[PDB]
Structures are given as C-alpha cells and as structure tokens.
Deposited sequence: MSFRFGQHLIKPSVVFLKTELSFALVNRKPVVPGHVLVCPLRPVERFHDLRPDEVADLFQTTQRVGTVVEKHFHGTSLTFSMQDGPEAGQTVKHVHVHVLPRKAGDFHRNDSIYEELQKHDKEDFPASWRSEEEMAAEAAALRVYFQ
C-alpha cells in the first residue's frame, strides 16, 4: 500500500508513516540498519517537493536516524540523497539513505524484512 517509484511496498516492511513521509527497511542493506526514508508523494527530484514535504521528510529522517543508531549500536550516522541520474539514483523517488555507523566499518526474505521492521516499529510507539 506504499509505493517507492515503480515498486509497491508492503506495509509490513514500512516502519513509520508520517503525515507526508514514510520509512522502510532496505531489501539490500549496505550496513545493518540501512534504512531509507522517502516522501509519500512519488516525486523524482528533491526540487519537485513542496516546502512542507521537505520539512517532513527530513524531520522524519532525524527520528529514523536516531532510532537505527540506537538499535544497531552505531556510534554515528551517514545520510545521503542521490538526486537524479548522474547523482546515482536508480529508483526514481526522492529517498534519504540512513546508515548507522561504527568504527572501522568500511536480497533478503520478505519475512526477515518484516521482522526487522516490527522490531524498529517498537521505538516509535
């Protein structure tokens, strides 16, 4: 019931849904707790977003960031948005990448994904 570009994503994978934004667990994390926040509206470029969507996206990204930093024992975080092709974008939907980071740190089952989600979902209760 959520859409991330072309793909439609199952609620039981989405671990937060705000008034205009939503977060989901990655189905190919780079580092554990690699989650991604994106606006509900399917825009392709950061600039097509309204001012409020922007404020909601990054506020939610603040929270989501804190949470996955706690749960995956990362000491710090790394945020990154690939805005348009040539930036590195693949799926055409504004999305913030969130990576919990530890020291010297340099697909997946749709039942495992749903687990990591319900697990995270607990912190926003």
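Visitor: List the gaps, meaning deposited-sequence segments with no CA coordinates, ordered along the sequence.
Guide: Seq positions lacking coordinates: 1, 108-128.
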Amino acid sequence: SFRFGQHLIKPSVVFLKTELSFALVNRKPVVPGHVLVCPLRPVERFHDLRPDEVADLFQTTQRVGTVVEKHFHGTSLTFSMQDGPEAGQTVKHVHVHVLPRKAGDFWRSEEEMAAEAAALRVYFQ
From here on, numbers count along this sequence of modelled residues.
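Rigid core here is just the name for the largest C-alpha set that superposes within 1.5 Å across the two forms.
Visitor: Fit on the core, then compare CA atoms: does 10-18 or 107-115 lie farther from this form in 6 other deposited structures of this protein?
Guide: Once the cores are fitted, 107-115 deviates more in 6 other deposited structures of this protein.
Visitor: Would you determine, from the values in the PDB entry, which of 1-9 and 116-124 has the greater average C-alpha temperature factor?
Guide: Comparing 116-124 with 1-9, the higher mean C-alpha B-factor belongs to 1-9.
Visitor: So, looking at the entry's B-factor column for Cα atoms, which has the higher mean, 56-64 or 72-80?
Guide: Higher mean C-alpha B-factor in the PDB entry: 72-80.
Visitor: From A87, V37, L99, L49, which pick has the Cα B-factor that tops the rest in the entry?
Guide: In the PDB entry, the greatest C-alpha B-factor among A87, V37, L99, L49 is found at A87.
Visitor: Ranking every modelled residue in this chain by its Cα temperature factor as given in the entry, which third contains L16?
Guide: Answer is lowest: the recorded C-alpha B-factor places it there.
Visitor: Can you tell me which third, lowest, middle or highest, the CA B-factor of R41 falls into for its chain?
Guide: Its C-alpha B-factor belongs to the middle third of this chain's values.
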